[PDB]
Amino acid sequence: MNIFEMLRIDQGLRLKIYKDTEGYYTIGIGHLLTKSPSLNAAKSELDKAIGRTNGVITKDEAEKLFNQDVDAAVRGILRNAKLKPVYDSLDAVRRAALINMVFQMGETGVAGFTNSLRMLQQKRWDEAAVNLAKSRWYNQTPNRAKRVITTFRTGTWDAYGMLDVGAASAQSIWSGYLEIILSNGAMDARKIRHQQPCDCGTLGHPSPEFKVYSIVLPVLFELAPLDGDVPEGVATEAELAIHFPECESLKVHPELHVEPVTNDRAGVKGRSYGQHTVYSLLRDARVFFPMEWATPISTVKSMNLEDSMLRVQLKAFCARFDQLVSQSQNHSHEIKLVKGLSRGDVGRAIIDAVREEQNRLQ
């Protein structure tokens, strides 16, 4: 990964205007806008900052805004006599770890770590990591401090997972659900149903009678917002924009669904698995596909984890989910995980995801 992923995990990312801890309007990864109590005043600074917003900005814009902050923070480091020698000595990864401290505490704050910085400069990682864990910075935010400290000691991104909650949930959804339905048959073999009776065909080849409504995609889209912002329930067309931001032509078809897979498990006869609602996008001909949200994400959110820990586990969830997908045999391109930093980012990620699945078939 990179320094951007590091701070999104440790600090978080917001693509809507929010009030920070002291109440001042901020965007992206902790980018201060104004000390004015006028929501419009901050928006005016935001509009000129990107040159476009209505208070909402995109992912690659927030990463463009982040790099502007990164260079300015590095600029101040070179202007600070206590932080210049250590930065010059550090390697690429450990430079990001020091930059994280400046983003959290300010250049004046990081300069206070006189003893800890000298141990880093003399490449005494174990010695420095023990001293950093004794500070007030560690006591205030130990989850973030542990990962930044672990980054200094080892120089790797390893802190950012066999017994992780996120990887266990990715293991939970694959073995306890997706593997069951995939064992039944192929995705193109899965029958399409109307809530009417229709011989509506299958996902791979929709029947000519179905073509009332065009192509249908035999791909299960599993949506994973990396901030855990999953909408509850299923959206009606009125609420569709609330559930799925920035999906231009998206529509929801409650009356159509993919047939569920019946299983016997844990003392339950005919447990229903993998019943999907069919959604469409503009291809006025449209593209129908079955998609659903990654349901462990909603449950892990209910555990009330610390915000950075929730982002850490969801990051492990997607990392292992893709790995299990890569090792999948005889089920090539049937499961696609749509990853987004926020719920809105998923909406834009859905559009390209469906386009790339069309191109492989067409």
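The first residue of the sequence shown is number 1, and the count goes up from there.
- Gap between residue 52 and residue 53: 1 to 3 deposited residues without coordinates.
- Count the deposited residues lacking coordinates between residue 160 and residue 161 and you get 4 to 9 of them.
- As recorded in the PDB entry, 253-261 is the stretch of 253-261 and 142-150 with the greater mean C-alpha temperature factor.
- A summary of the deposited B-factors shows that, of 305-313 and 28-36, the stretch with the larger mean C-alpha value is 28-36.
- You'll see in the entry that, of 136, 94, 123, 269, the Cα B factor peaks at 123.
- When the C-alpha B-factors of 207, 169, 280, 277 are read from the PDB record, the largest value belongs to 207.
- Residue 213: CA B factor in the highest third of modelled residues in this chain (values from the PDB entry).
- Among all modelled residues in this chain, the alpha-carbon of residue 90 has a temperature factor (C-alpha) in the highest third.
- Looking at the C-alpha B-factors along this chain, the one for residue 179 belongs to the middle third.
- For residue 232, the recorded CA B-factor ranks within the lowest third of the chain. Only modelled residues enter the ranking.
- Compared with the other modelled residues of the chain, the Cα B-factor recorded for residue 290 ranks in the lowest third.
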